[PDB]
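**Student:** Have a look at the structure that comes next, please.
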Amino acid sequence: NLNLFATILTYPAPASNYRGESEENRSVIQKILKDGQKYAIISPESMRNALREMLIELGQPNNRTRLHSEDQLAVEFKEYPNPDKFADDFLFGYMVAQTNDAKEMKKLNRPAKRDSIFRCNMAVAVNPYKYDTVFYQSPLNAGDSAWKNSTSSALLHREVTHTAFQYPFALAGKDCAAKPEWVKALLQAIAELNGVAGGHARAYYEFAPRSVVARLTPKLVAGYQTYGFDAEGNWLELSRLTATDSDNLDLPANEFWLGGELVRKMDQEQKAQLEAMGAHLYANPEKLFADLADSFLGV
Amino acid sequence: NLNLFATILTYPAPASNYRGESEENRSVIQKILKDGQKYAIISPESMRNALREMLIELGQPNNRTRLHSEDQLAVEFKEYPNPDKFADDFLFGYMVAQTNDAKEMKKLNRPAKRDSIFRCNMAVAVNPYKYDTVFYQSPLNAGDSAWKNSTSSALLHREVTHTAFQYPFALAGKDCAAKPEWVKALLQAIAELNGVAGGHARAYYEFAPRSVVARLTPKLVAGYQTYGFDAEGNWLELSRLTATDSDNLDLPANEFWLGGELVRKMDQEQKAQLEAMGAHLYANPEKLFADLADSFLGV
Amino acid sequence: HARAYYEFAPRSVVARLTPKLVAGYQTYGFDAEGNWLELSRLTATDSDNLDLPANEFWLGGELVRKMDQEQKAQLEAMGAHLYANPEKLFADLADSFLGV
Amino acid sequence: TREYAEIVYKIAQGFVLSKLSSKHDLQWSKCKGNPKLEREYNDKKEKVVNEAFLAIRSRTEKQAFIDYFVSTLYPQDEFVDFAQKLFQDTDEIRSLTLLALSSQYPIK
Amino acid sequence: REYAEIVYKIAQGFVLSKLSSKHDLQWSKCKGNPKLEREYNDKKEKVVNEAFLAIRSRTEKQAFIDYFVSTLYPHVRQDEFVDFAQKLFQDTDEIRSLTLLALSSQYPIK
Amino acid sequence: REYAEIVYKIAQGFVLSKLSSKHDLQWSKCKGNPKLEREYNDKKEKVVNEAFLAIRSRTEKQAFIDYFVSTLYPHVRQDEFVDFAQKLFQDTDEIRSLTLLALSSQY
RNA sequence: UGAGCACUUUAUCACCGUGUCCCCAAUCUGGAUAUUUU
């Protein structure tokens, strides 16, 4: 069977994400370091919520809708997680550990087991500096209104960083009942990927992908160095040189699919040279996802 | 539904904005850097106040008026934020977190949810040098008057920079009750956008837009590289070449709207050539906003 | 246990003496991950170049096989102080031991 | 004992005292004059000490290098060797400075 | 070490040179005086304060200022260490750390 | 790299040529009395310092000014001109970081 | 190198999970006189 997995990156821009929930005077964004340098941010689970929301706006069932009425966030549910009557959030009937028992396994024969069929990892930035502020401020109303917010005035500052960052993911799934429409919708929705890290009316960021690269779609898991291309520089072109070399003389090549940035500004002669099988060269990244889904899904 | 988002820039000029609130001997303007170079300034929330003020002068309700009587700034309020009886600062009934509770949710059924329906980001300059002074000075009165300001004399200097800078924004909204008049007024007011960064009687700057470009008004979110055009050079013309190419042969085009500068001084033959759909070419930027609002709003 | 197996490979095996009972270094009282071999017997032999015969008591330490080998060799003796690998070392030990 | 211990302690108390006498322009003699002026002086010292305490933790490990806030708190012949001593193995110097800041923290 | 004291030496030379530009180079008029010593240190402290303020403001321009602006206005001296006048092209950060340390020490105010 | 010393070495020959041009009998009269050296030292100081202002004025013409001046005095220029593509294709690295800070601010 | 002097502490294996928050921009101030020879 076919297994596919890909990597993307977004355009450079300023950004900042609420990540502390620890202190009020100052905000911290830095999460994890590399080789003695702090240049990585962002959580590997917020994009799950972003995908869920986008799937909600695309007409698939609203199985789990976030509601904001209480002080602490709570999420409602339907009658019960069912991976057959509906998409079950891409068939995400998850663990229900409680002493009540009396689960559907004895009534609806539902073992409560998951159908994950998805893989994702935390993003990593490419710029190390996180020691700049903006020094905004908040006022005191004192307007004799019925509500006073803080009854004080403060001079609190925030931290932002201008960076572009990469993102790997894997699927490694297989077609089943009601899957082709749902997997096709997932591949359609991953193209946009907006509204990440909740609402942000002061900083606006997008996850529109450029230079998307997917690896080894028909073959079994053999990929390596998912975090390869970086520093606004192409790196998979030498990977094709060293892994599954284009010529079938010392290392036979493989079916690859390449994004738009790596071919928009790159040597014209190389396009003709990279024609042992022609690979898959496209101008806009969104164009190739439909064809890739058609090929991998088989229909 | 239709979603629109655009980018603008202003004319080059000298400028300086109070941004330190830290020290008195010297003033600092530089905020954030890029690729090892410091060429970005300005906050993404002052223009919100500018829009609020301009909407005040346009005859919409004065829901939240800034008052200057105490040493620390305080802003008054009406009886309660209501997104129905009035514009609610473009329906900005925001969070009210207090222990009193007894909110209108139990009396007026108002969940205190604040509609946003707006997106904006911090501006970025295009010139890196911020190491010049003007070396002004302040006197000592000593005129035997009833009030002495500082009872001293100082030789303090200030920093200015001559630069033009770009500005992206997004709306991605939809028409609702009482919206068309309010969104039309917002689009009318964004054309002028004067009085930014508070009062400034010594340095006078304007946000009059030239070479405004809006993207993908009817289609869903697919835009990329909002910060593209810069260095007093057009860049979206090649974007049309590579994204939604003008000819409908290898990449079908899309409905775009272009500003005045990109067509005022540009090849005459290109106007005729760029006629696959004719796009939207206008001389003054203010002219196209009314038509764009009419088309997107539907009335 | 089979898993997490530990194996005893030779690593800088050094000791020798004339037909007299053991003494001097006492096989213990040494530091960790250092040059206990080196510090101990190099200091003793510098103090006892004439007191004990360094010709039969060959060199010590696998690290000195990488640096300052020439200086130590010239200051001590031109004896059979070869040290490249434990296998050939024990081979020449057996070669010299067949005669005795 | 001309060692690191008193040197960091001396510069720590000197640093905090100097800038509070610069920003606020206050002396301890005025503080003891009346209980009223003392408490806001204590409160002003409270804000001064904590902002450095939190921020010095913000920059950690070798990215702190030997360049610190307000240019290493702007600290003759003994300086030459002492600078070289703190040139290498800087991890303990920053850790022990937090002790001095906690010592300067007002009681109660 | 040797570079550190070299940084120390140029710090004294620059300070006295600025004093020579503003007033007399020699320092004997301010000896046991409650006013002459007061003004001598006052002009001394203000000169280093403004020079140090300019240097510490260029925080993120570490390399470039060490090529261009932090080395012209301070009159530097070279005798034989051309070989060691090379890390200024690749280090560009610790040298600044030494300079700010030297200037901070040359702040004789109680 | 190597050009750093090349610029370094040629500068002492440049200033020595400068001294030999404006001044007469060069260093042979230094052993006469320390007095005349003071005028020689102050004159050699007052010629370099005025050149500091001109050399650091503007990048474009500070090139044009220093080519003609540099071609005049030194005599080993034939070696350096034929090598490294005439200072690496005319203007590169802001004239070697402004002529290595005018030879480290004249020693 | 001598008489009480043994022979191993031995062999195997999963934590399932899932899931992040809204709000905000201040102020004033400028300076004085002065060249001649190869």
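Numbering starts fresh at 1 for the residues of each chain in the structure tokens, the chains themselves are lettered A, B, ... in the order given, and ligands are numbered from 1 as they appear.
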Extract, using only C-alpha atoms (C1' of nucleotides), all DNA, RNA and protein residues at most 12 Å from residue 20 in chain D, discarding same-chain residues fewer than 2 positions from it, and format them as a list in words.
**Tutor:**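 Near residue 20 in chain D, the qualifying residues are residues 13, 14, 15, 16, 17, 18, 22, 23, 24, 25, 26, 27, 28, 41, 42, 43, 44, 45, 46, 47, 48 and 49 of chain D.
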**Student:** Skip residue 9 in chain E itself and residues of its chain fewer than 2 positions away, then list as number ranges by chain all residues within 12 Å of it, counting only C-alpha atoms (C1' of nucleotides).
**Tutor:** D: 76-77, 80; E: 2-7, 11-16, 74-78, 99, 102-103, 106
**Student:** Can you write just those residues out, N, CA, C and O atoms, as an mmCIF file, in the first residue's frame?
**Tutor:**
data_model
loop_
_atom_site.group_PDB
_atom_site.id
_atom_site.type_symbol
_atom_site.label_atom_id
_atom_site.label_comp_id
_atom_site.auth_asym_id
_atom_site.auth_seq_id
_atom_site.Cartn_x
_atom_site.Cartn_y
_atom_site.Cartn_z
ATOM 1 N N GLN D 76 41.926 48.531 40.660
ATOM 2 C CA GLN D 76 42.325 48.780 39.280
ATOM 3 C C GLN D 76 43.075 47.581 38.713
ATOM 4 O O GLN D 76 42.597 46.918 37.794
ATOM 5 N N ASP D 77 44.262 47.317 39.262
ATOM 6 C CA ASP D 77 45.038 46.163 38.818
ATOM 7 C C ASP D 77 44.297 44.856 39.080
ATOM 8 O O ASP D 77 44.402 43.906 38.294
ATOM 9 N N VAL D 80 41.996 43.454 36.252
ATOM 10 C CA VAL D 80 42.530 42.760 35.081
ATOM 11 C C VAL D 80 42.415 41.250 35.254
ATOM 12 O O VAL D 80 41.919 40.542 34.370
ATOM 13 N N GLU E 2 46.674 40.094 27.733
ATOM 14 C CA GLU E 2 47.411 41.180 27.096
ATOM 15 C C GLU E 2 46.479 42.079 26.293
ATOM 16 O O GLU E 2 46.660 43.301 26.258
ATOM 17 N N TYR E 3 45.478 41.494 25.635
ATOM 18 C CA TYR E 3 44.485 42.305 24.938
ATOM 19 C C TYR E 3 43.614 43.072 25.924
ATOM 20 O O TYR E 3 43.199 44.203 25.644
ATOM 21 N N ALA E 4 43.323 42.470 27.079
ATOM 22 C CA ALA E 4 42.484 43.131 28.074
ATOM 23 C C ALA E 4 43.144 44.403 28.591
ATOM 24 O O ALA E 4 42.503 45.457 28.678
ATOM 25 N N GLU E 5 44.432 44.326 28.937
ATOM 26 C CA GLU E 5 45.135 45.522 29.384
ATOM 27 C C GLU E 5 45.323 46.516 28.246
ATOM 28 O O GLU E 5 45.367 47.728 28.484
ATOM 29 N N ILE E 6 45.437 46.028 27.008
ATOM 30 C CA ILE E 6 45.458 46.925 25.855
ATOM 31 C C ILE E 6 44.152 47.703 25.771
ATOM 32 O O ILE E 6 44.146 48.915 25.525
ATOM 33 N N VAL E 7 43.026 47.017 25.982
ATOM 34 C CA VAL E 7 41.740 47.703 26.063
ATOM 35 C C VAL E 7 41.747 48.699 27.215
ATOM 36 O O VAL E 7 41.208 49.807 27.103
ATOM 37 N N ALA E 11 41.584 52.966 26.915
ATOM 38 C CA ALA E 11 40.526 53.634 27.664
ATOM 39 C C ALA E 11 41.062 54.858 28.400
ATOM 40 O O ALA E 11 40.426 55.918 28.402
ATOM 41 N N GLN E 12 42.230 54.732 29.035
ATOM 42 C CA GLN E 12 42.843 55.891 29.675
ATOM 43 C C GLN E 12 43.248 56.939 28.647
ATOM 44 O O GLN E 12 43.016 58.137 28.847
ATOM 45 N N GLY E 13 43.855 56.505 27.540
ATOM 46 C CA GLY E 13 44.321 57.454 26.542
ATOM 47 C C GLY E 13 43.195 58.261 25.925
ATOM 48 O O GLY E 13 43.333 59.466 25.701
ATOM 49 N N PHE E 14 42.069 57.608 25.635
ATOM 50 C CA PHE E 14 40.930 58.321 25.070
ATOM 51 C C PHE E 14 40.368 59.333 26.059
ATOM 52 O O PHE E 14 39.997 60.449 25.674
ATOM 53 N N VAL E 15 40.291 58.961 27.339
ATOM 54 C CA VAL E 15 39.708 59.848 28.343
ATOM 55 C C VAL E 15 40.560 61.101 28.509
ATOM 56 O O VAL E 15 40.047 62.227 28.501
ATOM 57 N N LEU E 16 41.875 60.927 28.656
ATOM 58 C CA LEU E 16 42.750 62.084 28.816
ATOM 59 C C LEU E 16 42.792 62.935 27.554
ATOM 60 O O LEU E 16 42.911 64.163 27.641
ATOM 61 N N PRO E 74 36.940 56.672 19.270
ATOM 62 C CA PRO E 74 38.033 56.334 20.191
ATOM 63 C C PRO E 74 39.321 56.110 19.412
ATOM 64 O O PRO E 74 39.400 55.226 18.556
ATOM 65 N N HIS E 75 40.332 56.918 19.713
ATOM 66 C CA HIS E 75 41.622 56.826 19.038
ATOM 67 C C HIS E 75 42.338 55.580 19.543
ATOM 68 O O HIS E 75 42.730 55.510 20.712
ATOM 69 N N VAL E 76 42.506 54.598 18.664
ATOM 70 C CA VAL E 76 43.095 53.322 19.028
ATOM 71 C C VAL E 76 44.595 53.374 18.771
ATOM 72 O O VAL E 76 45.101 54.214 18.021
ATOM 73 N N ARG E 77 45.321 52.458 19.410
ATOM 74 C CA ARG E 77 46.771 52.395 19.320
ATOM 75 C C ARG E 77 47.203 50.976 18.983
ATOM 76 O O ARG E 77 46.653 50.007 19.515
ATOM 77 N N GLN E 78 48.190 50.858 18.098
ATOM 78 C CA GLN E 78 48.701 49.566 17.658
ATOM 79 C C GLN E 78 50.219 49.618 17.615
ATOM 80 O O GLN E 78 50.791 50.560 17.059
ATOM 81 N N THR E 99 35.281 46.308 26.210
ATOM 82 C CA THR E 99 35.276 47.767 26.153
ATOM 83 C C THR E 99 34.302 48.357 27.164
ATOM 84 O O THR E 99 34.625 49.322 27.865
ATOM 85 N N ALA E 102 35.810 48.019 30.581
ATOM 86 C CA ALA E 102 36.863 48.994 30.846
ATOM 87 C C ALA E 102 36.285 50.379 31.109
ATOM 88 O O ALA E 102 36.721 51.076 32.032
ATOM 89 N N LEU E 103 35.303 50.796 30.307
ATOM 90 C CA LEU E 103 34.694 52.108 30.503
ATOM 91 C C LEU E 103 33.950 52.176 31.830
ATOM 92 O O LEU E 103 33.966 53.210 32.509
ATOM 93 N N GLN E 106 36.290 52.867 34.563
ATOM 94 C CA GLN E 106 36.740 54.257 34.506
ATOM 95 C C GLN E 106 35.575 55.212 34.780
ATOM 96 O O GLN E 106 35.280 56.131 34.018
#
**Student:** Find the residues around range 6-10 of chain F up to 8 Å (only C-alpha atoms (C1' of nucleotides) counted), leave out those fewer than 4 positions away in its own chain, and share them as a list in words.
**Tutor:**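 With the cut-off at 8 Å, the set is residues 2, 14, 74, 99, 100 and 103 of chain F.
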**Student:** List as an MDAnalysis selection string the protein and nucleic acid residues near range 31-47 of chain F, meaning an atom at most 9 Å away when only C-alpha atoms (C1' of nucleotides) are counted, but skip any in the same chain fewer than 3 places from it.
**Tutor:** chainID F and resid 15 18:19 23 27:28 50:52 106
**Student:** Please, which residues of chain A lie no more than 12 Å from chain E when the count uses only C-alpha atoms, and can they be set out as JSON, numbers by chain?
**Tutor:** {"A": [129, 131, 132]}
**Student:** Identify, on the basis of only C-alpha atoms (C1' of nucleotides), every residue whose closest approach to range 71-78 of chain A does not exceed 12 Å; exclude the query and any residue fewer than 5 positions from it along the same chain; express the result as a list in words.
**Tutor:**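 That gives residues 49, 61, 62, 63, 64, 65, 66, 85, 86, 88, 89 and 93 of chain A; 95, 96, 97, 98, 99, 101 and 111 of chain B; 19, 20, 21 and 22 of chain G.
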**Student:** Per DSSP on the backbone, what are the helix (DSSP H, G or I) residues of range 12-89 of chain C, as a short mmCIF file (atom, residue, chain, number, x, y, z; two decimals) with N, CA, C and O atoms, in the first residue's frame?
**Tutor:**
data_model
loop_
_atom_site.label_atom_id
_atom_site.label_comp_id
_atom_site.auth_asym_id
_atom_site.auth_seq_id
_atom_site.Cartn_x
_atom_site.Cartn_y
_atom_site.Cartn_z
N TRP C 36 45.87 7.25 35.95
CA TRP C 36 46.41 6.58 37.13
C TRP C 36 47.56 5.65 36.77
O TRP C 36 48.61 5.67 37.42
N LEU C 37 47.37 4.82 35.74
CA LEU C 37 48.47 4.07 35.15
C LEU C 37 49.68 4.98 34.95
O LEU C 37 50.75 4.77 35.55
N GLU C 38 49.48 6.02 34.14
CA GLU C 38 50.56 6.92 33.76
C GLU C 38 51.13 7.63 34.98
O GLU C 38 52.31 7.48 35.30
N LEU C 39 50.31 8.41 35.69
CA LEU C 39 50.84 9.19 36.80
C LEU C 39 51.59 8.29 37.78
O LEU C 39 52.77 8.52 38.07
N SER C 40 50.96 7.19 38.19
CA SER C 40 51.55 6.31 39.19
C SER C 40 52.90 5.77 38.73
O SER C 40 53.94 6.10 39.31
N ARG C 41 52.91 4.95 37.67
CA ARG C 41 54.18 4.30 37.36
C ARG C 41 55.19 5.21 36.66
O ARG C 41 56.39 5.00 36.82
N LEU C 42 54.75 6.21 35.90
CA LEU C 42 55.71 7.18 35.37
C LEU C 42 56.41 7.93 36.50
O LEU C 42 57.64 8.08 36.48
N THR C 43 55.66 8.39 37.50
CA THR C 43 56.30 9.07 38.62
C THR C 43 57.22 8.13 39.38
O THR C 43 58.35 8.51 39.75
N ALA C 44 56.77 6.90 39.62
CA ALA C 44 57.61 5.94 40.34
C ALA C 44 58.89 5.65 39.58
O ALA C 44 59.98 5.61 40.16
N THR C 45 58.79 5.46 38.26
CA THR C 45 59.95 5.08 37.46
C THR C 45 60.91 6.25 37.29
O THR C 45 62.13 6.06 37.25
N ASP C 46 60.38 7.47 37.17
CA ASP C 46 61.25 8.64 37.20
C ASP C 46 61.97 8.74 38.54
O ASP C 46 63.16 9.09 38.59
N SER C 47 61.27 8.42 39.63
CA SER C 47 61.93 8.34 40.93
C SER C 47 62.78 7.09 41.07
O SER C 47 63.72 7.08 41.87
N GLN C 69 54.99 10.30 23.45
CA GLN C 69 55.59 8.97 23.48
C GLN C 69 57.10 9.06 23.32
O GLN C 69 57.86 8.39 24.04
N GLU C 70 57.57 9.89 22.38
CA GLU C 70 58.99 9.99 22.11
C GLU C 70 59.75 10.52 23.32
O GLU C 70 60.83 10.00 23.66
N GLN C 71 59.22 11.54 23.99
CA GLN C 71 59.90 12.11 25.15
C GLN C 71 60.02 11.09 26.28
O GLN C 71 61.09 10.92 26.86
N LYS C 72 58.92 10.40 26.59
CA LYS C 72 58.95 9.39 27.64
C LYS C 72 59.92 8.27 27.29
O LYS C 72 60.70 7.82 28.14
N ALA C 73 59.89 7.81 26.04
CA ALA C 73 60.78 6.73 25.63
C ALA C 73 62.24 7.15 25.77
O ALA C 73 63.05 6.42 26.34
N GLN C 74 62.59 8.34 25.27
CA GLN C 74 63.98 8.76 25.32
C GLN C 74 64.44 9.04 26.74
O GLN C 74 65.60 8.79 27.07
N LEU C 75 63.55 9.54 27.61
CA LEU C 75 63.97 9.81 28.98
C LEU C 75 64.06 8.54 29.81
O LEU C 75 64.85 8.50 30.76
N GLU C 76 63.30 7.50 29.47
CA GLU C 76 63.32 6.30 30.30
C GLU C 76 64.31 5.26 29.80
O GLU C 76 65.31 4.97 30.48
N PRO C 86 46.65 -4.49 22.42
CA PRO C 86 46.86 -5.56 23.41
C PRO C 86 47.16 -6.91 22.79
O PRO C 86 47.88 -7.71 23.40
N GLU C 87 46.64 -7.20 21.59
CA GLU C 87 46.85 -8.51 20.98
C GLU C 87 48.32 -8.74 20.66
O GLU C 87 48.92 -9.73 21.08
N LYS C 88 48.93 -7.81 19.92
CA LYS C 88 50.34 -7.96 19.58
C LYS C 88 51.23 -7.77 20.81
O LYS C 88 52.31 -8.37 20.89
N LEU C 89 50.77 -6.97 21.78
CA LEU C 89 51.49 -6.86 23.04
C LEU C 89 51.60 -8.22 23.72
O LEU C 89 52.70 -8.67 24.04
#
**Student:** Could you list, as JSON, numbers by chain, every residue within 8 Å of range 148-154 of chain B, counting only C-alpha atoms (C1' of nucleotides) and ignoring same-chain residues fewer than 3 positions away?
**Tutor:** {"B": [137, 138, 139, 140, 141, 142, 145]}
**Student:** Show which residues sit within 12 Å of range 6-14 of chain G, as a PDB file with C-alpha atoms, in the first residue's frame. Count only C-alpha atoms (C1' of nucleotides), and ignore same-chain residues fewer than 3 positions away.
**Tutor:**
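Result file is selection-v8.pdb:
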ATOM      1  CA  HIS C   1      22.024 -10.701  31.366  1.00  0.00           C
ATOM      2  CA  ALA C   2      21.995 -10.834  27.573  1.00  0.00           C
ATOM      3  CA  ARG C   3      20.364  -7.422  27.163  1.00  0.00           C
TER       4      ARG C   3
END
**Student:** For chain E against chain F, with a cut-off of 12 Å and counting only C-alpha atoms, what is the closest atom pair and its distance in Å to one decimal for every residue that makes the cut, ordered by chain and number, as a Markdown table?
**Tutor:**
| residue | atom | partner | partner_atom | distance |
| --- | --- | --- | --- | --- |
| E:10 | CA | F:107 | CA | 11.8 |
| E:63 | CA | F:97 | CA | 11.5 |
| E:64 | CA | F:97 | CA | 9.5 |
| E:65 | CA | F:97 | CA | 11.1 |
| E:66 | CA | F:97 | CA | 10.2 |
| E:67 | CA | F:97 | CA | 6.4 |
| E:68 | CA | F:97 | CA | 7.4 |
| E:69 | CA | F:101 | CA | 10.0 |
| E:70 | CA | F:101 | CA | 10.8 |
| E:71 | CA | F:101 | CA | 7.6 |
| E:72 | CA | F:101 | CA | 7.0 |
| E:73 | CA | F:105 | CA | 9.6 |
| E:74 | CA | F:105 | CA | 9.1 |
| E:75 | CA | F:105 | CA | 6.3 |
| E:76 | CA | F:105 | CA | 6.0 |
| E:77 | CA | F:107 | CA | 5.1 |
| E:78 | CA | F:107 | CA | 4.5 |
| E:79 | CA | F:107 | CA | 6.4 |
| E:80 | CA | F:107 | CA | 9.2 |
| E:81 | CA | F:107 | CA | 10.4 |
| E:82 | CA | F:5 | CA | 7.8 |
| E:83 | CA | F:5 | CA | 8.8 |
| E:84 | CA | F:5 | CA | 11.8 |
| E:85 | CA | F:104 | CA | 9.1 |
| E:86 | CA | F:1 | CA | 8.6 |
| E:87 | CA | F:1 | CA | 11.2 |
| E:88 | CA | F:100 | CA | 11.0 |
| E:89 | CA | F:97 | CA | 9.7 |
| E:90 | CA | F:1 | CA | 11.4 |
**Student:** For the selection you just gave me, I'd like the residues written to a file as a tab-separated table (two decimals), in the first residue's frame, keeping N, CA, C and O atoms.
**Tutor:**
chain	number	residue	atom	x	y	z
E	10	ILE	N	43.97	51.91	26.10
E	10	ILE	CA	43.32	52.85	25.19
E	10	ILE	C	42.18	53.58	25.89
E	10	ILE	O	41.83	54.71	25.51
E	63	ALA	N	28.74	43.70	15.14
E	63	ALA	CA	29.87	43.61	14.22
E	63	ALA	C	30.17	44.95	13.57
E	63	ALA	O	31.30	45.43	13.60
E	64	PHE	N	29.14	45.59	13.00
E	64	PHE	CA	29.38	46.76	12.16
E	64	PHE	C	29.94	47.93	12.95
E	64	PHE	O	30.85	48.62	12.49
E	65	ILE	N	29.41	48.16	14.15
E	65	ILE	CA	29.93	49.27	14.95
E	65	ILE	C	31.39	49.03	15.30
E	65	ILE	O	32.18	49.98	15.38
E	66	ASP	N	31.77	47.77	15.51
E	66	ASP	CA	33.16	47.45	15.82
E	66	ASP	C	34.06	47.67	14.61
E	66	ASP	O	35.28	47.83	14.76
E	67	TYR	N	33.50	47.65	13.40
E	67	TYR	CA	34.29	48.05	12.24
E	67	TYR	C	34.34	49.57	12.09
E	67	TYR	O	35.40	50.14	11.80
E	68	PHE	N	33.21	50.25	12.29
E	68	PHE	CA	33.06	51.60	11.76
E	68	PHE	C	33.04	52.69	12.83
E	68	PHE	O	33.91	53.57	12.81
E	69	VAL	N	32.09	52.67	13.76
E	69	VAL	CA	31.82	53.84	14.58
E	69	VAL	C	32.44	53.72	15.97
E	69	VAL	O	32.84	54.73	16.56
E	70	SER	N	32.54	52.51	16.51
E	70	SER	CA	33.11	52.36	17.84
E	70	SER	C	34.63	52.40	17.83
E	70	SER	O	35.24	52.34	18.91
E	71	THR	N	35.26	52.49	16.66
E	71	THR	CA	36.71	52.46	16.56
E	71	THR	C	37.33	53.69	15.90
E	71	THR	O	38.55	53.83	15.93
E	72	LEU	N	36.53	54.57	15.31
E	72	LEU	CA	37.08	55.82	14.79
E	72	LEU	C	37.13	56.90	15.87
E	72	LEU	O	38.19	57.49	16.11
E	73	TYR	N	36.00	57.16	16.52
E	73	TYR	CA	35.97	58.19	17.55
E	73	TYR	C	36.92	57.88	18.70
E	73	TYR	O	37.68	58.78	19.11
E	74	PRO	N	36.94	56.67	19.27
E	74	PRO	CA	38.03	56.33	20.19
E	74	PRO	C	39.32	56.11	19.41
E	74	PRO	O	39.40	55.23	18.56
E	75	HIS	N	40.33	56.92	19.71
E	75	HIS	CA	41.62	56.83	19.04
E	75	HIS	C	42.34	55.58	19.54
E	75	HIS	O	42.73	55.51	20.71
E	76	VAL	N	42.51	54.60	18.66
E	76	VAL	CA	43.10	53.32	19.03
E	76	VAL	C	44.60	53.37	18.77
E	76	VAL	O	45.10	54.21	18.02
E	77	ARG	N	45.32	52.46	19.41
E	77	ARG	CA	46.77	52.39	19.32
E	77	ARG	C	47.20	50.98	18.98
E	77	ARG	O	46.65	50.01	19.52
E	78	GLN	N	48.19	50.86	18.10
E	78	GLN	CA	48.70	49.57	17.66
E	78	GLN	C	50.22	49.62	17.61
E	78	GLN	O	50.79	50.56	17.06
E	79	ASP	N	50.87	48.61	18.20
E	79	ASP	CA	52.33	48.53	18.18
E	79	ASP	C	52.82	47.32	17.39
E	79	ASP	O	53.56	47.49	16.42
E	80	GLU	N	52.43	46.10	17.78
E	80	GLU	CA	52.82	44.90	17.05
E	80	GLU	C	51.70	43.88	16.88
E	80	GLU	O	51.86	42.96	16.07
E	81	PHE	N	50.58	44.01	17.58
E	81	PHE	CA	49.56	42.97	17.60
E	81	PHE	C	48.64	43.04	16.38
E	81	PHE	O	47.42	43.11	16.52
E	82	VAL	N	49.23	43.04	15.18
E	82	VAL	CA	48.42	42.96	13.97
E	82	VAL	C	47.73	41.60	13.88
E	82	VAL	O	46.59	41.51	13.41
E	83	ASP	N	48.39	40.54	14.34
E	83	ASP	CA	47.78	39.21	14.31
E	83	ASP	C	46.54	39.15	15.20
E	83	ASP	O	45.52	38.57	14.81
E	84	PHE	N	46.61	39.73	16.39
E	84	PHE	CA	45.45	39.75	17.28
E	84	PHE	C	44.42	40.79	16.86
E	84	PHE	O	43.29	40.74	17.37
E	85	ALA	N	44.77	41.71	15.97
E	85	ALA	CA	43.77	42.61	15.41
E	85	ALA	C	43.07	41.92	14.25
E	85	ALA	O	42.94	42.49	13.16
E	86	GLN	N	42.61	40.70	14.48
E	86	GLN	CA	41.89	39.89	13.51
E	86	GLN	C	40.58	39.36	14.06
E	86	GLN	O	39.60	39.26	13.31
E	87	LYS	N	40.53	39.02	15.35
E	87	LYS	CA	39.27	38.58	15.95
E	87	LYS	C	38.23	39.69	15.96
E	87	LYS	O	37.04	39.40	16.15
E	88	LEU	N	38.64	40.94	15.75
E	88	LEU	CA	37.69	42.02	15.56
E	88	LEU	C	36.82	41.79	14.33
E	88	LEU	O	35.75	42.39	14.22
E	89	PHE	N	37.26	40.93	13.42
E	89	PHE	CA	36.49	40.60	12.23
E	89	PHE	C	35.57	39.41	12.42
E	89	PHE	O	34.64	39.22	11.62
E	90	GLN	N	35.78	38.59	13.46
E	90	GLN	CA	34.99	37.38	13.62
E	90	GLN	C	34.34	37.28	15.00
E	90	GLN	O	33.26	36.70	15.14
